[PDB]
Amino acid sequence: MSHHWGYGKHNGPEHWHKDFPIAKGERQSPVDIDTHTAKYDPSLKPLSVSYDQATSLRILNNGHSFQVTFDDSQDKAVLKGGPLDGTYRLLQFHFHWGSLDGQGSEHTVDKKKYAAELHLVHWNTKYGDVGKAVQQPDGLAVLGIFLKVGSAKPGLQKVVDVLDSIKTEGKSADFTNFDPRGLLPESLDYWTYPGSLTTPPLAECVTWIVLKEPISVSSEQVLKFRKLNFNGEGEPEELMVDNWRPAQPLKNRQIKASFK
Ligand SMILES: NS(=O)(=O)O[C@@H]1CCN(S(=O)(=O)[C@@H]2O[C@@H](CO)[C@@H](O)[C@H](O)[C@@H]2O)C1
Ligand SMILES: [Zn+2]
């Protein structure tokens, strides 16, 4: 682990615990979602996704994934309801994906892996900033959406068409006026459980909300993901693929379903 942590043989998920011991903790993510062990909870409220006033800012290759960042200095794009108390502001979204279509997601469903997984990261406004929020058990809410390969998702195309401009670690570009509502499936049926960040620092601060319905993206769209680089410009080229953490022990946790 040598280390800027990563996803390779010598620095991947099996190594992370040496610098982040909470990697072996009691509420780590992702997990396998066993669909007939998850319990329908009729007391769960509908999810409220209010993204109409979202202000995207930049798109960035951060060396492990790429992310689109939002203005979170006001309640512009917020997640409420469902299992959540209070208001969670959208900070960024990013993806995890594979080298082949049969792997790439972090969560699995009855051990099924998807080609990729979208994470919309939100933080609890009662903690004032995201740095304080990550130190709280209910500091973050991450909305997880599965991607399967099939037909193209029109709302994703603006993202994949700028990836050639952020190929290597550290590169960023203007990415204004992007509407994240174009990345959502029809249904907001979800599973939810208490968990963690799936990358270092692996903080146990996340209420996970994982949508049942995957979105479909085209083979050409995911192929553009796989052209990104882990490396910085000028370094030996290592394609950014398989940047997913595998499923972790569920331990003393129950996954609840919002739907029957
Ligand atoms: N997966 S998640 O739990 O929904 O959110 C985590 C937290 C934020 N991302 S991230 O922006 O992709 C990630 O975060 C950083 C540190 O926490 C970077 O060190 C790093 O370069 C990286 O790409 C993953
Ligand atoms: Zn993620």
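Along the sequence shown, residues carry numbers from 1. Just so you know, these numbers use all the heavy atoms, side chains as well, and skip hydrogens, waters and symmetry mates. As the structure lists them, so they are numbered: ligands from 1, and atoms in each ligand from 1.
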**Request:** Indicate, as side chain, backbone, both or neither, the part of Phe95 found under 4.0 angstrom from ligand 1 when only non-hydrogen atoms are considered.
**Result:**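 For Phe95, there is no contact with ligand 1 at all, from either part.
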**Asked** Are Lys112 and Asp110 close enough for a salt bridge, meaning some N to O gap below 4.0 Å?
**Response**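 Between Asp110 and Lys112 there is no salt bridge, as every charged N stays at least 4.0 Å from the carboxylate O atoms.
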Interfacing atoms of ligand 1 (cut-off 4.0 Å, heavy-atom, [X]):
X      : answer
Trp5   : 19 (O), 20 (C)
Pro201 : 17 (O)
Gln67  : 11 (O)
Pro200 : 16 (C), 17 (O)

**Asked** Distance under 6.0 Å and angle within 45° of the ring axis: does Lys18 meet both against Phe20?
**Response**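 No.
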**Best match, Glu169, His4, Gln92: closest heavy atom to atom 10 (S) of ligand 1** =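 Looking at heavy atoms only, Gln92 sits closest to atom 10 (S) of ligand 1.
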**Prompt:** Which option out of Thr199, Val134, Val142 puts a heavy atom nearest to atom 24 (C) of ligand 1?
**Reply:**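 Comparing heavy atoms across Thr199, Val134, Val142, the nearest one to atom 24 (C) of ligand 1 lies in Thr199.
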Side chains of [X] and [Y]: is there a donor and an acceptor less than 3.5 Å apart?
X      : Y      : result
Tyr7   : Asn243 : no
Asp242 : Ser99  : yes
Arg58  : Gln67  : no

**Item:** Total protein N/O/S atoms whose distance from the Zn ion (ligand 2) is less than 2.8 Å
**Value:**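 Under the 2.8 Å cut-off, the count stands at 3.
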